[PDB]
Amino acid sequence: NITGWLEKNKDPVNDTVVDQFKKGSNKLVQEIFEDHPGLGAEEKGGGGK
Amino acid sequence: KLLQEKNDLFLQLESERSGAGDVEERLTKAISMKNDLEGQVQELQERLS
């Protein structure tokens with residue numbers, strides 16, 4: 001059952017309720033929800049070193 | 001007391017082996033840091049070509 005396979009390769013939290021915890025006030029909340037995703041740039045390529 | 005002059009002349013020397021000893025990690029780290037930076041350069045130039 002293919003439905004949400006792409007949702008699941010991204011693992012669903014009803015696709016909402018993560019963002020606000022990532023940087024909250026509470027310590028125990030913020031260490032669990034520290035591990036940052038690929039937020040800067042996703043590498044394209046081109047020509048250089 | 002003659003042996004104390006020997007204690008210090010040897011304790012100095014051994015500490016100059018730990019002088020060169022920390023400088024063992026220091027020296028060869030620079031030799032490695034050359035070799036990678038060489039492959040950073042020669043290629044970046046090659047990529048202009």
# chains A, B, ... in the order shown; residues from 1 in each chain; ligands from 1

call {"tool": "interface_residues", "arguments": {"of": "chain B", "to": "chain A", "cutoff": "10 Å", "atoms": "only C-alpha atoms", "output": "ChimeraX atom specification"}}
result
/B:40-41,43-48

call {"tool": "residues_around", "arguments": {"residues": "residue 19 of chain A", "least_positions_apart": "4", "cutoff": "12 Å", "atoms": "only C-alpha atoms", "output": "JSON, numbers by chain"}}
result
{"A": [13, 15, 23, 24, 29, 30, 33, 34, 35, 36, 37]}

call {"tool": "write_last_selection", "arguments": {"atoms": "C-alpha atoms", "output": "compact mmCIF listing (two decimals), in the first residue's frame"}}
result
# COMPACT_ATOMS: atom_id res chain seq x y z
CA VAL A 13 4.01 13.42 12.41
CA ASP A 15 3.35 16.48 8.79
CA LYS A 23 13.78 25.83 19.18
CA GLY A 24 11.73 26.02 22.37
CA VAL A 29 12.21 19.40 24.81
CA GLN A 30 15.10 21.16 23.03
CA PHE A 33 14.25 18.03 19.26
CA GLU A 34 17.70 19.47 18.61
CA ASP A 35 19.04 17.30 15.71
CA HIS A 36 18.86 19.72 12.84
CA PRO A 37 17.83 18.71 9.25

call {"tool": "select_by_dssp", "arguments": {"residues": "chain A", "states": "helix (DSSP H, G or I)", "output": "VMD selection string"}}
result
chain A and resid 5 to 8 19 to 22 27 to 32
